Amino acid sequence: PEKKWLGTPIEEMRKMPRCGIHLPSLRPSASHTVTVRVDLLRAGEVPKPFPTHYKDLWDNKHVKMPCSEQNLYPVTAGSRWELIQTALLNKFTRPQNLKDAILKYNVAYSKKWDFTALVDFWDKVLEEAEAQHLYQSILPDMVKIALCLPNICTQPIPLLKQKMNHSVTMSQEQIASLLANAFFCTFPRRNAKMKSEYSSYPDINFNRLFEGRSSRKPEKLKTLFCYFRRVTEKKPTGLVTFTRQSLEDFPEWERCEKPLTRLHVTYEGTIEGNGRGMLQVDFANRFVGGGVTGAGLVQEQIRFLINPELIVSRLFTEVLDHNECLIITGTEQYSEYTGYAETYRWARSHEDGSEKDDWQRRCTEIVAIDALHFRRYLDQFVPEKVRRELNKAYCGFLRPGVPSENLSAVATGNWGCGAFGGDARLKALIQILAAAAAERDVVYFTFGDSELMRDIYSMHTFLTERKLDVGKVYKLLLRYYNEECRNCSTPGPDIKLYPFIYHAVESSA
């Protein structure tokens, strides 16, 4: 019978906090927005905002806050925030009470936003006692933190636009307020389908969480209400950093002399569970988070639901271009789940026991890197497409300025494979080569595919023992393309990639 894991023992891999650099004092800079009082930051205490009082910016460089005086609405043009306050400061006892509240300042979507999933969750899924707790405690507590936004999020939040290399660090507390606003659908200019300014950003308002008849919706609702109950009952004290990274220059893949690094590969375990303290890959949509409140419930959405603080990146993160990624450090896990996609179920609250770094960020680092979709299988072997995926992965893994010995292993798996069209064996090798270029080790989860585990180890062991560096491996991929793919008249070649690599090397001088 197969072994459960192969390669370097997972305990020998680097992880946070042990491997981390000594952090300089947290401070704002031209590259780093920081929305809390760094001099007052103390372990276990709720961070205080900077500035002390609300400052507004309503422009094309910053989040358009619902509490802005420039957020206007017909009442003559009146304050939309005053309308939001009035709508939400009402008793809810029936689901239509919450619908009608949200629609008071979203009149234009009265027909377009269905609330069937909210109604059925409230009336059918929840027992009487749980519904009562929802409407007597949770929802009013959520309203309270939502309407505290201007006192909590005092500093304008910059948009992380394409090409920016920039970080925003905010408190978990600040994020809870923003997410409660998202729940009540309060963010202006983020709703219309013919929207202009924000067409290149993901959705942020949670309206689609309430729509349709999917058996998925109640599970998303339980998962998010789990979060909201936690943060309203006990205010979180940590910080979270969101970093957009965009590289213009990449390895010379055909000539790269860096050796392959260590591999641990296994068909059991999870990225979020067994890759604790490691760089955890989110198989992202380029609109980070993808359909987190929509239909989608695969690897990304699941992660955005169990660590809901990730969802706030949608407020300010422009769609990723080919050479970009989003790095999020410090999100907390609030829920546990069982299953996946159509079998996903909220299981219970999670009490996150992760250590915090010196900026009071949980030692949990997640990187969103979007694979390409391959609607024609052979497209992915074309060198341009190999390079694209190498470069995307490389960008997700590289930490400029940071010594390699201070980098954790990368915890990843079958990125963009399955119904997205990626080839698992090609994608494994791509991420192994990108990790090698970034001088990181790899922890690879094959999620039940033991033969794939075996094949990836065998290949990695062969290339390692035969001392082929990144460039030599890359050159073999170009050989496979040129000799077996370029003129292939079938959907896939007769000779597969790993068999080709073995034969090529075994045939060589």
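Numbers for residues come from their place in the sequence shown, where the first is 1.
Coordinates are absent for 4 to 9 residues of the deposited sequence placed between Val75 and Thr76. The stretch 126 to 134 shows the higher mean C-alpha B-factor when 126 to 134 is compared against 247 to 255 in the entry. Averaged over Cα atoms, the B-factor as recorded in the entry is higher for 106 to 114 than for the other of 106 to 114 and 140 to 148. Of the candidates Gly238, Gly294, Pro400, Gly421, the deposited coordinates give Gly294 the top C-alpha B factor. Annotation for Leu310, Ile175, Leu83, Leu315: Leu83 ranks highest, by Cα B-factor.
The PDB entry assigns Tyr377 a C-alpha temperature factor belonging to the middle third of its chain's modelled residues. When the CA B factors of the chain's modelled residues are split into thirds, the value for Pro158 lands in the middle one. Sort the chain's modelled residues by C-alpha temperature factor and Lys472 lands in the lowest third, per the entry. In the deposited entry, the Cα temperature factor of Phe447 places it in the highest third of its chain's modelled residues.
When the CA B factors of the chain's modelled residues are split into thirds, the value for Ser29 lands in the highest one.
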